[PDB]
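Notes for the one structure printed next.
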Amino acid sequence: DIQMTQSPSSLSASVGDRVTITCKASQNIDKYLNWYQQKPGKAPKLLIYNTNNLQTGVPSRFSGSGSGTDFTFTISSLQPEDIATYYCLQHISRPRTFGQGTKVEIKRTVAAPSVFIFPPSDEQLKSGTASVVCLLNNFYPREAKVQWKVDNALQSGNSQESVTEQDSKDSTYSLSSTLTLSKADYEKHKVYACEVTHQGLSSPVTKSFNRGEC
Amino acid sequence: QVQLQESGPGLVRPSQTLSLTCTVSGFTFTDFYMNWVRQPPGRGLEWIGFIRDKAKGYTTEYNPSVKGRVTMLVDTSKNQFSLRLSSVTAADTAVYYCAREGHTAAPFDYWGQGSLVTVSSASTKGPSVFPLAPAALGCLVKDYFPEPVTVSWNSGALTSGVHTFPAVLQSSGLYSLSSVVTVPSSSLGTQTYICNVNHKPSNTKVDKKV
């Protein structure tokens, strides 16, 4: 093994800024250190092979430098389509090895949230179970706190975050917020709203509903 | 151009044995080393090892780590590239990748997609998709196991506007994500929008109409 460690680990540059990732190597590497870009959710892709060789397809704002032990990977200017996690690795000896990884979240400007409170699914509510989903969509930062309310009340322990990876068009996170109050209670009540405060959109906001049926 | 799709059991009982197949098409092992790559939940890839072309005989060289358990090999007649791990434990969990070491581009120029192999003394579970009515649309693919579950609308057409979320493990000890895709204000006539929740671990298919 020849421990390979990148740096920094999870950084936060901007669009038009040059992101420069560097990865030292326990021992010697020579020209044997590639690079990969692993977009959110996919598989690694090869961005640079043998210290400073570019791949076909891969842009030109990407490039490698030097060789020896100190290595560095640089981005002319960063685009919202570069919200990946980049890896370095070497193939001189074996086993092969990779860096602990460098994430690269893109920084933009506040895009105040959008909610779309979806009442329950007629039939889910046939399980003795029933979940009221809440959704904001395309915002930034990721700092968003959803406040669930029943008939202007609550009982908590039902909420549950899950937000997406930064979009590579906008660079805006989005998170759902399922309230799964199960059956027999969706009935016992009638307004389950879904208030929602965020860093950029002052004075809280919500999409609710007094239900509207039986 | 070229294709490298994986395959294999999605959940595996500890003690039992891991089994995956890299079905290839667009090149040959006769001029290419086929190695694998694994990545546990939110972590970093780890080279398991590879196998050599026709010249070198199809010899194999495992990373010191697994060596002793792994056992790659290839059936040039069925254009595959099988991997077998004995003694799978909660540690050998990840997405197992089959990259195709190339020419200079090496190592690793063409990776497969992904195949999550979860090790759990648990069992399967067919997901439930609940048509979430609305502007936005979505689907609730509720209560299932093991992961990952993949959903795509209108078996194509609809992209740019979709937000298929991650997953959360419910106290039920079950997973539950919910794919959503905002659509244009007016453009919801007596129209279609199928919901293609796919889920291999179970062997279950559902195309709910939101």
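Please compute, for the alpha-carbon atoms of the range B:1-121, the extent along each of the three principal axes and give them in descending order in Å.
Rounded to whole Å, the extents work out to 40, 28, 26 Å.
What value does the range B:122-210 have for Rg/Rh, both radii from Cα atoms and Rh as Kirkwood defines it?
Radius of gyration over Kirkwood radius for the range B:122-210 works out to 0.99.
Quick one: dipole size for chain B, taken about the Cα centre, charges +1 on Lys/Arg Cβ and -1 on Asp/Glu Cβ, in debye to the nearest 20.
360
Mind checking A:90-101 for the average number of partner chain beta-carbons within 10 Å of each residue's beta-carbon?
Neighbouring Cβ atoms belonging to other protein chains average 5 per residue here.
Rg (Å, one decimal) plus Dmax (Å, integer) for the alpha carbons of the range B:120-161?
13.2, 43
Just to check, using Stokes-Einstein with a Kirkwood Rh over alpha carbon pairs, what's the diffusion coefficient of chain A at 37 °C and 0.692 mPa s in µm²/s?
The estimated diffusion coefficient comes to 163 µm²/s.
So what does log10 I(q)/I(0) come out to for the protein assembly as shown at q = 0.10, 0.12, 0.14 Å⁻¹, using the Debye formula with one equal point on every Cα and no solvent?
-0.80, -1.08, -1.32
Using the structure shown, select from A:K42/A:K107; B:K125/B:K209; A:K39/B:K125; A:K149/B:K125 the pairs with a Cα to Cα distance greater than 26 angstrom.
With Cα atoms farther than 26 Å apart: A:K39/B:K125; A:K149/B:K125.
Compute the label zone of A:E195 within the range A:151-167: residues whose backbone N is under 15 Å from the point 7 Å along Cα-to-Cβ.
Residues A:151-156 fall inside that zone.
Mind sorting B:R100, A:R94 by how few other Cβ atoms lie within 10 Å of their own Cβ, fewest first?
A:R94, B:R100
Can you list, by residue number, the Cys in chain A that have no neighbouring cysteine C-beta under 4.7 Å?
A:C214
Taking trypsin sites (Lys or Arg not before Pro) as candidate sites, keep only those in a DSSP loop with at most 13 other Cβ atoms within 10 Å, then name the longest stretch of chain A containing none of them.
Longest site-free region, per DSSP loop and neighbour criteria: A:43-125.
Stretch B:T76-B:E61 to full length: gain in nm at 0.36 nm per residue minus the Cα-Cα span?
That works out to 3.5 nm of additional length.
Stretched out fully, how many nm does the piece from A:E213 to A:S10 gain, at 0.36 nm a residue minus the Cα gap?
Additional length available on full extension: 68.2 nm.
Most fluctuating residue of A:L201, A:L175, A:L89 in a GNM of chain A with Cα springs under 10 Å: which is it?
Between A:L201, A:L175, A:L89, it is A:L201 that shows the largest mean-square fluctuation.
Can you tell me the relative contact order of the range A:1-108? Whole percent, Cα pairs under 8 Å, sequence separation 6 or more.
Over the range A:1-108, the number comes to 39 percent.
I want to check the label-to-label distance for B:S160 and B:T104. Put each point 7 Å from Cα in the C-beta direction and report it in nm to one decimal.
3.7
If you wrap a convex hull around the alpha carbons of chain B, what volume per residue comes out, as a whole number of Å³?
Residue-normalised Cα hull volume stands at 146 Å³.
Run the numbers for A:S202 and A:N158: contour at 0.36 nm per residue of separation, minus the present Cα-Cα distance, in nm.
So the extension gain works out to 13.3 nm.
Tell me the label-point distance for the pair A:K149, B:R84, using the 7 Å Cα-to-Cβ offset, in nm and rounded to one decimal.
Rounded to a tenth, the inter-label distance reads 6.2 nm.
Regarding the range A:1-108, what are the three Cα extents along the principal axes, ordered largest first, in Å?
40, 24, 24
Describe numerically, in nm with one decimal, the distance between label points set 7 Å from Cα along Cα→Cβ at B:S186 and at A:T74.
5.4
Would you mind pulling out the separation of the Cα centroids of the range B:91-131 and the range B:5-83, in Å?
That distance is 12 Å.
Specify which residue in the list B:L4, B:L20, B:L174 is farthest towards the positive end of the charge dipole of chain B, using unit charges on the beta carbon of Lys, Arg (+1) and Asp, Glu (-1), about the Cα centre.
The residue sitting most towards the positive pole is B:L174.
A quick note on method: Cβ atoms are made from the backbone with ideal geometry, for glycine too, and the neighbour counts reach across all protein chains shown. FYI, it's all coordinate maths here, none of it is from the lab.
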